[PDB]
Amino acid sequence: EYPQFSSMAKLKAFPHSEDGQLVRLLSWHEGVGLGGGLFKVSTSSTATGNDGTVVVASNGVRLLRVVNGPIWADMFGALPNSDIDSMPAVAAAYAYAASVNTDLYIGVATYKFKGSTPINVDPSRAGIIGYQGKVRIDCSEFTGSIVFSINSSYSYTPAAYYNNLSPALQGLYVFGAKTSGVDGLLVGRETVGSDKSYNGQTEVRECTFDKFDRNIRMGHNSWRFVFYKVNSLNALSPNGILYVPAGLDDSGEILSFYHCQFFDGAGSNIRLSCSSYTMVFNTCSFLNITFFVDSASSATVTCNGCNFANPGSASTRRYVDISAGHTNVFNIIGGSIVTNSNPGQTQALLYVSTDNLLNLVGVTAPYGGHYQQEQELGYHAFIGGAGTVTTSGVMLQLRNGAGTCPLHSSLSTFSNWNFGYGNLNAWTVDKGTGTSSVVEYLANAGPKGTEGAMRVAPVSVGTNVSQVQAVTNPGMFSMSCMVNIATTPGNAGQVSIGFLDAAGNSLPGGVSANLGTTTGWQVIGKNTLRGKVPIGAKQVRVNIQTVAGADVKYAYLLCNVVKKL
């Protein structure tokens, strides 16, 4: 039987003398019953004392803890469900665990982290694991720059062998008080080191970061981190849900997020600003936040099976805003985009700026009666910006009673759709026998007063303006037009879309929209100019018919036939 000691204090005070003897510590703190274990006496060891796994008695004799498996924080005097600052004990336990390439467990309970000293996790040596349940790390009184950083101390080995073997952080709810200047998690390094830090294959999993300034911020050497079941919400910074600043060194390779939830920012968002940066999000959700991309160049974001939505929010914030730079690519593959009603969606929820690319694959474009994107764009479409959009396997909501809209200018079926030619070329104008009829291009005459429009004022007989383009099945389509009836003696006309085969035979599937009699700029086509491309179609023809005696302006004649583009 091994001699027994009821507390770490009693273990240290006893004049141990039997080299090699095993002794039992019953508890670190007297009367608690946690943090005990077996220790081997070594009278000759000169190992450094740490009051946890290497204990120096008052006579200098060492007691060396026998550990099997992970180090536990209570071995260093940490206590569960305590008001005392636990960060010193966790930091000391972590320093030791890292020194022997062993993970650190924190027993499930609540903890408070106070002070201002970050814990720097070295993923090549040891992770910190809340074990096991809903481990709560209250950092509301912490005043340092970052609570945790994760960054390797090695430039190559053994990081290339070890980072992947265990997570760097697991099982922790880490939260602040939205104090300015206190970030939650730094992924990588604050400043550029003299050598690189080999961080690839480091995992953060089953953690929540909440109520920091930036909850999660990428630093230098942020490459091939993976995140599983990570939640980030309710940060202070406009960029606080997840921030990738510009100018990072040795960063950007396949930052990966599996089933992560980025949400309820209450003004905080995701912003990717670093060039040459590649991120992959699988089955993630982006809720009540915007995903900004303003990298100078070469950002590639791939969202596979993700959701973008606004649950319970009246905000007109965008979902994805690729706003600057060139050669930036954003993929939405599968998943969903959900647009619950709000007082009026007055800007595009997706935006892709010049020289950038937004790709939609296998996803349904939503529609809602509250859509009012023309307030921003001048016309009724889902996506803004002068970049490029592609579609593959995209579904339109062709049976939505409120309507459907085209997705983007870059998918325009018809040439000179916005009268950007500065004339009516590409359009066939047929005034018929109306010699007094007038059809004219007008500059600064569209909805904004800054764009071209086509004015049609027929006399005696109606005027038809039309255009034909090649089309093929399979496909689905939606068109919107901006129309301003100045005067009309009745229904002012109709916009129609029809299909022909190669032989010129008219096919089923034609649709039309009456213009009515209401004056002023209005959207025509929402629940009328839409449908499926009929099998056998080889041409699509748009016709704008204006009746005799009417005076109507047309702008932004935007049809999209969605197919693989």
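The first residue of the sequence shown is number 1, and the count goes up from there.
Looking at 256 to 264 and 194 to 202 together, the entry lists the larger mean B-factor for 194 to 202, computed on C-alpha atoms. The question of which stretch, 224 to 232 or 404 to 412, has the higher mean Cα B factor is settled in favour of 404 to 412. Among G176, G434, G305, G171, the highest C-alpha B-factor recorded in the PDB entry belongs to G434. The entry lists C-alpha B-factors for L500, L34, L64, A57, and the highest of these is at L500.
Per the PDB record, residue ranking by Cα B-factor puts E440 in the highest third of the chain. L38: CA B factor in the lowest third of modelled residues in this chain (values from the PDB entry). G378 sits in the highest third of its chain by CA B factor, as recorded in the PDB entry. Per the PDB record, residue ranking by Cα B-factor puts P70 in the lowest third of the chain. In the deposited entry, the Cα temperature factor of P245 places it in the middle third of its chain's modelled residues.
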